[PDB]
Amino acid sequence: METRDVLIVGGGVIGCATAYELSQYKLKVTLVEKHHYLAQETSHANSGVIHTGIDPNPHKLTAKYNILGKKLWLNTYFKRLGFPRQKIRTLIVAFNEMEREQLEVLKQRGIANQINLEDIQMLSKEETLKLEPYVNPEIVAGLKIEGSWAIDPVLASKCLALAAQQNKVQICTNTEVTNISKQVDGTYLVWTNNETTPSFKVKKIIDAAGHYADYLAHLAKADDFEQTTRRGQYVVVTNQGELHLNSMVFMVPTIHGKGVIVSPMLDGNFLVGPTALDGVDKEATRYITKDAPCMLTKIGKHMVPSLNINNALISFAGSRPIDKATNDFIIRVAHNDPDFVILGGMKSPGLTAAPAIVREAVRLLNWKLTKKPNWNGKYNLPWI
């Protein structure tokens, strides 16, 4: 049994960035993931987009943390950490006059979310087909926003963890927390993998468990929030001939849901999707189906008609964990235990927001933390 200051439960992007941030302090820190590898769940199955902030409601923590998180990625994290990424602008297209007035609404939303005017541009039919000649010519208008990036979220999450590990954070994989019980003395005992005796004794728990972030709070008798799900399947296609895209192309999300796209990918292929299905079991959050291809064909060819979906390489899926109560991010201590920090309901845009989310996690431990004078934030993930 290990005595440690903070146990981070969950090795997706949120757990990994948390480990990174905490690795800069003088603390005993351990991160636990149930899978053999990190980033095998929601953080593996998403579009990798660093969103501008045009999309989220300005009054929600999704907007708030988007704004902060993106700033931290571009001006801090990207300077220190090497992993694949590219700058690529956002383009939302309208198909009729109703979708067109939704573009105006989004424009205002971006300004409310502090996007500068120079980054935003409403475009006519003609101007949009100028910029992206492979888009559907039945579109009537577009909205272009500069400032977005696309990253490999898997390599980013791993880079963060390898960085953390380099600065004394213990990373234990194949380790599933199966019980937690807070003590008279204020610490927690943590059983993993249904073992008889506890493996950890810790002063704080940072709950980053994605689809099981509710399970985990209920298991410590700390908070009773519940998450629902939305499963999204994608397809990656290749060999599209002359087809080029110099934008991430999106449907109006207000009408078609969040993040519905055709994007050129870091590896030269095209990402199409996702579908949308509410309320799948937690265990089934990543299951692909035979139904979805058909849906995906309609989505992709609606946006880029010349797209040949039979040239498919892979299909995968992931699910947004969605707070039932607020349909927003949960970033707070548990309502009934101030030593259990909850990073839950981590839907879109949790990736973009991650760095700000996790810095708030750190403050929420509520400690006078002492820095290592020598702390190494730099890591270049070897890749090729």
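Residue numbers run from 1 along the displayed sequence.
For the pair 283-291 and 124-132, the record assigns the higher mean C-alpha temperature factor to 124-132. Looking at mean Cα B-factors across 80-88 and 95-103, the upper value is held by 95-103. Within the group 275, 148, 187, 229, the record's highest C-alpha temperature factor is found at 187. Of the candidates 233, 113, 196, 157, it is 196 whose Cα B-factor is highest according to the PDB record. Per-chain ranking of the deposited C-alpha B factor places residue 374 in the highest third. Annotation for residue 46: C-alpha temperature factor in the lowest third relative to the rest of the modelled chain, per the entry. Split the chain's modelled residues into thirds by C-alpha temperature factor. Residue 299 is in the highest one. Sort the chain's modelled residues by C-alpha temperature factor and residue 328 lands in the middle third, per the entry. Split the chain's modelled residues into thirds by C-alpha temperature factor. Residue 359 is in the lowest one.
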